[PDB]
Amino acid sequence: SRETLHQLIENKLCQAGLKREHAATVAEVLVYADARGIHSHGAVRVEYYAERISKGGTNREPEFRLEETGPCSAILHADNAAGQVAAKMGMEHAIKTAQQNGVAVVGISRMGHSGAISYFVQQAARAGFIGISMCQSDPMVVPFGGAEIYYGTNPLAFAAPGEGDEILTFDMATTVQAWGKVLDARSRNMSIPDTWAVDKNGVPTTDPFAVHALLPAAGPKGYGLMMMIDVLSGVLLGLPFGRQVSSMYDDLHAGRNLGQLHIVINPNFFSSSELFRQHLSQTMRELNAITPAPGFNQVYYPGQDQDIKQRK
């Protein structure tokens, strides 16, 4: 069960170094990923996290400092704490701030990997607000037209509340595919589609063992989106940016120094929250009623495929 795995991972990470409360938080986010089929960011990471913690490449005793910079802005100085802990804490502050003052823009400064980041925007939506989040990731992607890596798979996530317990959740890597698909096609020795990745010369490739770098989604569009995310979650916070961003296997003894940015918007500072939620539910219904194209059994609203996998 869910509370089973939480207890497992909570225990394992608590003994590898983390305060019990920190272990409980990382556990939760990891399960969340596997359940929604986001396996690249689920348990395939758990022994690894345990290692980095034991070796100090993730801070077991971070000195957190939430620095408020304005009525609707803050930086959580996270001291290279586990990303799941840091990002969750900053989102709690963003939610509190948007609750009172309407909007919140909160940077997470110096954290480890934070995982399937839709977890954090769901926090905002469960509180009745719109959540947007994005973060830097290991340099892994060619600029459009390029043969050298610069940005990472730099994800973007969004959630908004509908009626009752309904939430619409959207989450995407800015590459054609997440990296975890390249490794999957490496392990099963499959070939990969030629739209996913390039070789050491920047030429598209079908051999996942000849992959030097991922391609950006929609060419120049994914390129701009990952740039935007690097500027918003990295440059804005004065952190390393672009190619300077650390990679997971550079040094298990050193903090990652990653950044993440949350933006939270309280609907009642703009219009009726009741009608907002009614209209989100209406969006979800209407999209579901759309005539599917040949080949599709249904049209899903964004994220519904994951919402479904979750409950099964």
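So that there is no doubt, residue numbering starts at 1 and follows the sequence shown.
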What stretch has the higher average Cα B-factor here, 182-190 or 94-102? 182-190
Looking at the deposited entry, does 56-64 or 256-264 carry the larger mean Cα B-factor? 56-64
Specify which of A87, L168, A213, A218 carries the largest Cα B factor in the deposited PDB entry. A213
Maximum C-alpha temperature factor, selected from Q136, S133, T195, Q123: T195
When the deposited Cα B-factors of this chain's modelled residues are ordered and cut into thirds, is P208 in the lowest, the middle or the highest one? highest
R110: which third of its chain by C-alpha temperature factor? lowest
Looking at the temperature factor on the CA atom of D199, which third of the chain's modelled residues does it land in? highest
Taking only the Cα B-factors deposited for this chain, tell me whether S271 sits in the lowest, middle or highest third. lowest
Lowest, middle or highest third: where is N80 by C-alpha B factor in its chain? middle
